[PDB]
Peer 1: 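Take a look at this one; I'll ask things after.
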Amino acid sequence: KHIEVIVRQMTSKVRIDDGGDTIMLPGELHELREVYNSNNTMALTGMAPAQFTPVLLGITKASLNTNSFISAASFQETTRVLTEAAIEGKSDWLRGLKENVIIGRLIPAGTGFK
Amino acid sequence: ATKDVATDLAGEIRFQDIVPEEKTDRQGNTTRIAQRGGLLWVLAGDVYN
Amino acid sequence: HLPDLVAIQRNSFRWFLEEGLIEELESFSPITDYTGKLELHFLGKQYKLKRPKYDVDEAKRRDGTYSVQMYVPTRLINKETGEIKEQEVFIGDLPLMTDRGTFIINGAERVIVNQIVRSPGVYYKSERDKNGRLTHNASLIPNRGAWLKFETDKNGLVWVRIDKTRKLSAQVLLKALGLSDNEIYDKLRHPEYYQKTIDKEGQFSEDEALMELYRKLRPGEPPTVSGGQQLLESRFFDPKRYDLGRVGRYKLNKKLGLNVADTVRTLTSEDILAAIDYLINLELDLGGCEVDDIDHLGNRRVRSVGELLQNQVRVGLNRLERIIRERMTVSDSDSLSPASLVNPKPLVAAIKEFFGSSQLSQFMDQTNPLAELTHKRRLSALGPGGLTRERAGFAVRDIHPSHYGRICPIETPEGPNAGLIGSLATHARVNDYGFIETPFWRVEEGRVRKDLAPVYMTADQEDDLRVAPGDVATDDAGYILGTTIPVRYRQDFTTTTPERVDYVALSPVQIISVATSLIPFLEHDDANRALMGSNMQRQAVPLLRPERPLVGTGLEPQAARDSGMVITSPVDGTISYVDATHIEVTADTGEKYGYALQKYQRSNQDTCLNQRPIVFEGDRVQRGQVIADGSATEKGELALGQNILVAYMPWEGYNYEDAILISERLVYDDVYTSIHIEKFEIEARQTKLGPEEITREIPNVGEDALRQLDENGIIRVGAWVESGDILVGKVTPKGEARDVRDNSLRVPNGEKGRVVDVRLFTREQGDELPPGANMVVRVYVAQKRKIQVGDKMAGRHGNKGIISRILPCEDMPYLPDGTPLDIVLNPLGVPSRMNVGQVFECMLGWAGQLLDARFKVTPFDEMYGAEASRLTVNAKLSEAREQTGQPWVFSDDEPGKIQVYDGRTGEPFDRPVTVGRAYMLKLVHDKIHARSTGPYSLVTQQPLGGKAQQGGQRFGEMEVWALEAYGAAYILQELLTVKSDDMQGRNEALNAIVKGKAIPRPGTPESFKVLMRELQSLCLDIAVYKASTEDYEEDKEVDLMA
Amino acid sequence: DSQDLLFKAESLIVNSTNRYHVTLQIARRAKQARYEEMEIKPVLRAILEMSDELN
Amino acid sequence: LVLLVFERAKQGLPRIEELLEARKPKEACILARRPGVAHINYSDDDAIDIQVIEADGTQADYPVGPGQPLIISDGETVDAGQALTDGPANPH
Amino acid sequence: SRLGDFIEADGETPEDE
Amino acid sequence: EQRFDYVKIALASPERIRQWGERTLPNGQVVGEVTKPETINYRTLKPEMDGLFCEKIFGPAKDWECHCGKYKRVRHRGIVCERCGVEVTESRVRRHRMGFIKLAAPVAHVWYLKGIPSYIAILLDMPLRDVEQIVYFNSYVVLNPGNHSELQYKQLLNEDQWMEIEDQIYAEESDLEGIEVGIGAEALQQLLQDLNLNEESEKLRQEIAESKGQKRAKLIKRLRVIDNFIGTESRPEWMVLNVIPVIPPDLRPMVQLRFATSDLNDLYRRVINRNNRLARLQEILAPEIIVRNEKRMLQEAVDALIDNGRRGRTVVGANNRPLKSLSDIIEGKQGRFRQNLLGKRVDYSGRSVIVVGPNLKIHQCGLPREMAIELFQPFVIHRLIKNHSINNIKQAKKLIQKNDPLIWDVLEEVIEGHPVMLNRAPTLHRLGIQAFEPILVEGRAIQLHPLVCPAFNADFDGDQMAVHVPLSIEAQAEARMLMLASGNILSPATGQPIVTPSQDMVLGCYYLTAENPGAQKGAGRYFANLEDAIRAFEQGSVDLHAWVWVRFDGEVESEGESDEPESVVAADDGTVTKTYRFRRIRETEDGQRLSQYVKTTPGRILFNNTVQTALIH
Ligand SMILES: [Mg+2]
Ligand SMILES: [Zn+2]
């Protein structure tokens, strides 16, 4: 299970080969589940779905593709991550252990779960 | 794999049944490869340079 | 045949004084201004030296420097008028090397380490592409200057890469040098290979060669033939910007087969052409060419204080010459004298920086004479001109077959420094070029010629010979016994007939260092535990009453005579005066010699450097007889530990996992007790409000805490100081009579002892006080430490341990004669660590105690028999049993084991155990620390780190991960905010704990606010927001800094 | 005794189905205990009480 | 005297780091792309190429290349993804 | 090791409040 | 319940930087612009008025005290002075207020210039080398093609080419009108202001539709950046700085030991000096090359401030070492995130050498008195105040300092039931930190239970451990209920036991339970039960490894046995006595067992009896 968790953190993404009516531009890495749900609702209304190719990330390339810029800036390549976040206007909603640890809140795991 | 065999007796080399074949590299490096596996005798002596 | 052990440090300073400073003075002697009117000549062959001021001991006790003054004669010559104003100018202050191989800088003993670097010369290498053929490159490396890289391409092209710039075909370089086609065609042996490059890149002429060279070296500027010529002259031909060195010239001549003179130290046409020819031949496999190994000790050099000093002096002299030229041309009148022309500030600064702030000049290791001796014989691969920790890899930190007899394969550090610092072997020496050599005896027709003198030989020399180890056995006279003999031929181990052996090593300990040569029964130990024991032998502490080992190795009397702490009589006469501080010997027919002994001094590591006499008054004394001894020597020889009764068996859990159980005799018999002296310092400064005064009028203190002050505010010599006791009383003029504030110096928590010295230094007394200080008071406090729970004990074979229990002698196991043991060691640690030698020494030590004898066993003693150590130990034990008369001493059924009883119940253990006499050492180092609340950092407001400032323990991110895996959220949040940097939650938590209430919720720690401010200061508009609750409202930015 | 507290702790960890939730309950209980007692140590008394209430 | 050329036959932290970082192993084994048969095809110049015949009869022409990628494939039952040579497969 | 990590901060020690 | 929900980061506009630094005064004067590169006065050791440590901008040096000394004491709160206009408040505001520096000429933010993706270059669709040359005054750029025929928009012009263009434009017959060129960051700002994001987005989308290959990928990256700027509603020319922020002075402290100064002071001084010199050159109408060189210097100084050594040469200090810029603070293992946010030095912590305590229990540790009296000082003070006659904190502290006998009794009754966490320096897994109960021991070393050593990977040859003490009730409850050592039995990585006896314990058990044919005194004797056999061994009647028989009724596992009864004997009754190799069972004919005798060693009897006693009790 310990290795399975890591492998699922490495093999859970997809590259949007050619988007349809989706808001997914080509070249973006997105979770398979999210892409599947978007495609489902898109052909539910009767639009043109998007194509994709599964990808293998790695232990460092997947840690830099998180949705929180605070976790990524504190891991590696601080200036690149911070520049990208500033350009994209990203917002971090503090839903991870490294970010309640950085700010100083109760971690969302364990006795601080709720 | 490869391994270099080096003599311990100083003297004159003498082939026995060894048939070298010259394979010329594109730069002209003539590498002698033996087609027939034989003996390389060393006849002992004093070699002067 | 062991010569002076610390000779790598003397020969290099004797060399610097004799011909190292002269060469650097003369190399810059003729200074000329730009108008060519004045010339300064430095007759550097006549530099005199002024006798050192103060003294060695005075410098040590004053906290000054032991040095001399350098004066060189100079002559200022006017190019026209011809007036020559001869004079002697002050050049600088040169710290002098003492008789022990060390320097005294700012009242502290320092040693200059030896650096192992790559030797200058030309080195060839072959690299293989992923799919391509072999391509060869050559690197030409000088002693000082720019490197010259040659490279062969995949198509047969020759490229040169001056410095780190882009490559350029060799034709440009050869034509720019001023060579016609015929000479470079004749000197090369296979000219068609270079003709291919000539055809592909076009035959450059000299003018266009220099044009292209300038264009490639310095792009963006208009090319100029003269510009290129000058660039080349400054790059590879300028005597003051390119130096091959004597070793560089020697290596170039040896490798390329040239014949150039030894005096020329710059690159010449012949050199580059030869190097290119060798590269071509290596490409074409001519037969007499071979790529180079950079780890070979024949391609590596050792630099010591002489060379490193020379280089620093060279830099200072360059700066001095610049200053002289500036203060020579500006002058419109010839009213200048050589005294007013030279400024010794740059040279003094360079020497001071080298001796005080360099990373090659190191604070001396002075725990015991062994550590001191091996600190002067240390070789480092790091420093200004060597390696770096992040760049050194697996290849560099290993043992190279060329280290045999030159660098110890055992003694190294453990951790980040493993393989990067080494130790010189026992018989190894460094020659005048800088290569390590090692001695051998010649073998003629299988006969070892010990009548002839040892032939020393370097790593490259002993590659074509078949060299036998020092453990080969010879019969009467010299013939080698046996039919097959192990030899080394071309860095490989083989076996040969003993009629084809060329050389034999001098001693079986020629391969190891001095610390590793002091381990008896070393060949029965693993190499890792041998490393541990050798390293731990240099952390032993001099004890109150030292004692020689019983199973010594034979190098103990030699490892103590070089530290310069043992006094021997040079005279064959009588002793007339003995005292605790003075010895006097009257020659049988001659003058009186007098010696003064150091008493309870202090080393760099707070140990004691005592010296005691051995002889009595009116004693007959022979030459070379020990007269006085050091703090770690008994009678001539090293003594780092004590011989104690040991048994190998488990106790009731107190031996568990390297823990040590000892007896209480080691406490009340003053075994393993030592003297440690510490130094405390107080400074009287001058504040803007006013100066600081040392006086006993301390505020908020009663007369019960001013008992031991000397009516001047400073404690008295011979007073017992406990924790928090005032040492020096000081008052500061605070601004807010009742105005003075107390910042008097007190003993740190956990420290006590006697005051043994109170030295005072004030500017009035003629002392060099700091810039802003007005009184420096130094206090020395001494204490006696006994063995106790938590101390580290060690043996010579790598067995370390921490004492966990100290049993009363009626609880320790005892012998069949009633003697309780002194230490019980777990045998579970012996077979898994393969340090069996400890089980041999004990047994021999047992015999040594019983026979009133002392055994000198040398390592690798099995060249005489099949099992020499076991047979000698068994025979000695049997002889002790027969001499003593007690049959329980030695048993034939279990040789090394005898019956042992239980002190608690009186019942014998089920089986006999191994007992003996073991030589154990007490290691240095004060580690217990605790904190509740103290000082905080400036930016982050987090607790400081360090025992000396009430520091906290770091809770790294691995510990955060561990707490996250437990599910802990409140412990983690309390650690991260309330206990580190929640600037307001710390006080609330402390107040709640003191009052007994509940700890309130934390806020935002200060490091997060610091980070947000820094990110805003990086032109990032990062902010924290609170989401809007209702629909038609905007999110509101939250102000953390409030 | 210490052993008794250890057995009671293990007893409460089981039958709770959430070690975190029962640690939070023990913390709360001990807090209330000390608060309405300042007017043995809180966490200890809390565990004793909760064990004696599990019947 | 002479350089003998012969044959021979027979992991720690670097392998785990390479696997977990999804790096391309230097000595990457040759991987098939479709089921087929495995013709070793020992050519005159020893141009050993694993030509596989598809379900319809389409060749693939996998070149073994140098001597280091030793062949272990003679199953004649290969399927998509099946390795052919010695060494670590490339997961990308 | 840097100098800036050995300098205390100006303030009132939690203990002295 | 929480102050803030999310952290948002955006591109800083010059208006925002000015807002960060500009604060108004009651007199109407606005402050927040650092104009002089002066830190502190050499004689009065007092900050200057318009420098890097100014009190009118950053805050008073001393809390509730004015710069000139007109106002002192708390009484004057919120009273900005008149002689010097400093706000009499707490000095803590010196680590929150920022202030700004206004630049004579615009500069480029090096992060958006020299990055792995060059956002300025990507937006401008220009190679990075051209942008760098324009920024650092090595080439001109055609801001407007105007009327020339061979000049294109955003084309690089060399100095000679620009001189030729100048000759063409100043010819009496030239119809050339409206040509504009620029050099420096001002040209980049003009180009960034020219970009119309909506039209560029539409054009790029249309071109991407009819595209493929690397061209498609590059246009995709441009479209992504443009769409990000459109969504963020941020103007791209904000990547070119007109004003810069100044970090609060307490974050770049200038303390007195000598004066120890942060490298940020030197970097800011370089920026201010070059900016002031540029303003002077622009005021006296200096030659154009001198002004351009000063602008290049200002760009380099701001570059070195933001990130030292990223673009050009590295600015060394007094010694030949790089100065630590703003970027060097928040990155690396020594950066802010990894040194102060993800891991901190904490209070109420100690460290000491560890020795083995064999008589301790698995849930207990041996703590020296010297460490404990310091770790639990506030609790000792509280119990001295409450349960004794101590009046104030000072009296309790002096009593602790003098080592009163009552102190140790109070500490002993304080630490009982108070869990303490022990950690070893390499914390590889969650068992590297475990909670114990302290027991006061005399010494300098921490006594550790031998059964937790494999969990910590600790041996007693010099290893040290760190001790932490939880403070709140929740923390103590969590330590006792989750991190207690007596509850960590199985390995969280494999589920296997981790508190198993090892080394000497295994050897002792093996020796006890082994078989020794040499010593079998008293072999063959029968015993009523396990206690009888143990008592017989204790006296010495039977040797430790003797083969005796004991009447044990229960499940027996004997290695080297046989499932087939060795001998079956039926007596003169319905009772059969099957004799196995290690058992003798009497069974009723077609019935149940009546007795069972096990052939065993008194050591095995002792081992099994110990296990049974531990389980039953
Ligand atoms: Mg250890
Ligand atoms: Zn004022």
Side-chain angles (χ1 to χ4, degrees), chain C residues 7-32 39-52 66-77 84 86-98 101 103 112 120 142-145 238-250 261-266 301-325 338-339 341-355 430-434:
Chain C
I8 74 182
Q9 293 270 359
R10 287 181 174 115
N11 297 358
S12 185
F13 209 62
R14 163 186 333 137
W15 175 84
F16 178 78
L17 278 192
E18 249 166 29
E19 55 166 73
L21 188 50
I22 283 156
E23 143 181 80
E24 221 66 62
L25 279 181
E26 74 183 359
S27 181
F28 115 116
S29 181
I31 314 182
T32 77
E39 280 199 0
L40 235 189
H41 276 144
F42 285 69
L43 321 159
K45 236 83 156 198
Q46 287 71 11
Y47 88 100
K48 287 163 179 49
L49 276 168
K50 261 74 197 75
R51 285 145 210 210
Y66 181 49
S67 70
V68 289
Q69 279 171 353
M70 309 183 300
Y71 282 72
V72 76
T74 59
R75 57 175 73 240
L76 183 58
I77 300 179
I84 304 182
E86 310 201 23
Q87 209 184 346
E88 291 216 321
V89 307
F90 175 76
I91 281 311
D93 265 285
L94 181 71
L96 220 61
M97 205 177 95
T98 77
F103 300 87
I112 313 280
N143 191 88
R144 156 186 57 103
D238 187 1
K240 310 190 63 175
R241 276 167 50 63
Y242 193 79
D243 198 59
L244 269 180
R246 217 164 41 90
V247 52
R249 185 86 254 155
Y250 167 68
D262 293 333
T263 88
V264 175
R265 313 241 209 100
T266 67
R301 262 192 81 241
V302 183
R303 326 207 278 203
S304 313
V305 51
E307 274 85 355
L308 303 178
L309 236 194
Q310 231 198 4
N311 302 354
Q312 290 299 297
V313 168
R314 188 204 99 236
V315 160
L317 281 198
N318 278 7
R319 264 131 66 168
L320 212 158
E321 174 193 346
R322 256 192 254 130
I323 278 192
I324 278 189
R325 192 121 47 200
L341 221 35
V342 323
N343 200 19
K345 276 184 58 202
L347 198 41
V348 163
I351 294 184
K352 280 196 65 270
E353 194 296 316
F354 174 75
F355 270 106
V430 174
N431 65 342
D432 47 37
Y433 281 123

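Residue numbers begin at 1 in each chain, while the letters A, B, ... track the order of the sequences.
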Peer 1: Nearest 0.5 angstrom please: C:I84 CD1 to C:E39 CD, how far?
Peer 2: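 Nearest 0.5 Å value for the CD1-CD distance: 10.0 Å.
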
Peer 1: With sequence neighbours excluded, give me every salt bridge (charged side-chain N to carboxylate O under 4.0 Å, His left out) pair touching residues 9-23 of chain C.
Peer 2: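 Residue pairs passing salt bridge (charged side-chain N to carboxylate O under 4.0 Å, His left out), neighbours aside: C:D4-C:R10, C:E23-C:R265.
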
Peer 1: Heavy atoms only: give me the nearest C:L49-C:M70 pair and the separation to one decimal.
Peer 2: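 That closest heavy-atom pairing would be CD2-CG, 3.6 Å.
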
Peer 1: Verify whether the ring centers belonging to C:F354 and C:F103 lie closer than 6.0 Å.
Peer 2: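 Centroid separation for C:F354 and C:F103: 6.0 Å or greater.
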
Peer 1: Quick one, C:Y250 and C:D262 - any side-chain contact, counting heavy atoms below 4.5 Å?
Peer 2: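 Counting from C-beta outward, C:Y250 and C:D262 never come under 4.5 Å.
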
Peer 1: So how far is it from C:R314 CZ to C:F28 CZ, rounded to the nearest 0.5 Å?
Peer 2: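 C:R314 CZ to C:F28 CZ: 13.0 Å, rounded to 0.5 Å.
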
Peer 1: Quick check on C:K240: does its NZ atom have over 12 non-hydrogen neighbours (other residues, nucleotides or ligands) under 6.0 Å away?
Peer 2: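 Atom NZ in C:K240 is packed in, count exceeds 12.
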
Peer 1: Write down the atom of C:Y66, the atom of C:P52, and the distance for their closest heavy-atom approach.
Peer 2: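 Minimum heavy-atom contact is CE1-CB, 3.5 Å.
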
Peer 1: Might you point out which heavy atoms bring C:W15 and C:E307 nearest each other, and give the distance in Å?
Peer 2: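 Residues C:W15 and C:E307, closest heavy atoms: CZ3-N, 4.3 Å.
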
Peer 1: Tell me, do C:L25 and C:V72 make a side-chain contact under 4.5 Å, heavy atoms counted?
Peer 2: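 Side-chain contact under 4.5 Å: yes.
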
Peer 1: Quick check for you: to the nearest 0.5 Å, what is the distance between C:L317 atom CG and C:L347 atom CG?
Peer 2: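 C:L317 CG to C:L347 CG: 5.5 Å, rounded to 0.5 Å.
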
Peer 1: For the backbone of C:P95 and the side chain of C:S67, can you confirm whether one donor and one acceptor N or O come within less than 3.5 Å of each other?
Peer 2: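 Not at all, since once roles are kept as given, no pair shorter than 3.5 Å links the two residues.
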
Peer 1: Begin with the C-alpha distance, continue with both residues' side-chain angles, and end with the deciding distance and a verdict on side-chain contact (heavy atoms from CB on, under 4.5 Å) for C:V313 and C:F16.
Peer 2: CA-CA 11 Å; C:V313 168; C:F16 178 78; 4.1 Å; yes

Peer 1: State the OG1-CG distance between C:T266 and C:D243, to the nearest 0.5 angstrom.
Peer 2: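 It is 8.5 Å, given to the nearest 0.5 Å.
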
Peer 1: If I compare all heavy atoms of C:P338 with all of C:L40, which pair ends up nearest, and what's the gap?
Peer 2: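 Looking at all heavy atoms of both residues, the shortest contact is CB-CD2, 4.4 Å.
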
Peer 1: Restricting to side-chain contact (heavy atoms from CB on, under 4.5 Å), what partner residues turn up for C:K50, sequence neighbours left out?
Peer 2: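 If we apply the side-chain contact (heavy atoms from CB on, under 4.5 Å) test to C:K50, skipping adjacent residues, the hits are C:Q69, C:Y71.
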
Peer 1: Within the structure provided, determine whether C:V342 and C:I324 are in side-chain contact (heavy-atom separation under 4.5 Å).
Peer 2: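 They are in contact (side-chain heavy atoms under 4.5 Å apart), so the answer is yes.
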
Peer 1: What is the minimum heavy-atom distance between C:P142 and C:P120, and which atoms define it?
Peer 2: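 Result for this residue pair: C-CB, 3.7 Å.
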
Peer 1: I'd like to know if the side chain of C:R301 reaches the main chain of C:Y433, judged simply by a donor and an acceptor atom lying under 3.5 Å from each other, with no hydrogens or angles considered.
Peer 2: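 Indeed, once roles are kept as given, a pair shorter than 3.5 Å links the two residues.
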
Peer 1: Nearest 0.5 Å, please: how far is CD1 in C:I31 from CD1 in C:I323?
Peer 2: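 Going from CD1 on C:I323 over to CD1 on C:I31, the span is 11.0 Å.
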
Peer 1: Contact between C:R325 and C:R322 at the side-chain level, heavy atoms closer than 4.5 Å - yes or no?
Peer 2: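 A side-chain contact is absent here, since even the closest heavy-atom pair is not under 4.5 Å.
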
Peer 1: Where is the tightest heavy-atom contact between C:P239 and C:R144, given as atom of each residue plus distance?
Peer 2: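 In terms of heavy atoms, the two residues are closest at O-NH2, 4.1 Å.
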
Peer 1: Could you grab the distance from atom CG of C:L308 to atom OG of C:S12, nearest 0.5 Å is fine?
Peer 2: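 Rounded to the nearest 0.5 Å, the CG-OG separation comes out at 7.5 Å.
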
Peer 1: Pair up each side-chain donor or acceptor in residues 86-94 of chain C with any protein partner under 3.5 Å, not counting sequence neighbours, and list the distances.
Peer 2:
from, atom 1, to, atom 2, distance (Å)
C:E86, OE2, C:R75, NH1, 3.2
C:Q87, OE1, C:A339, N, 3.3

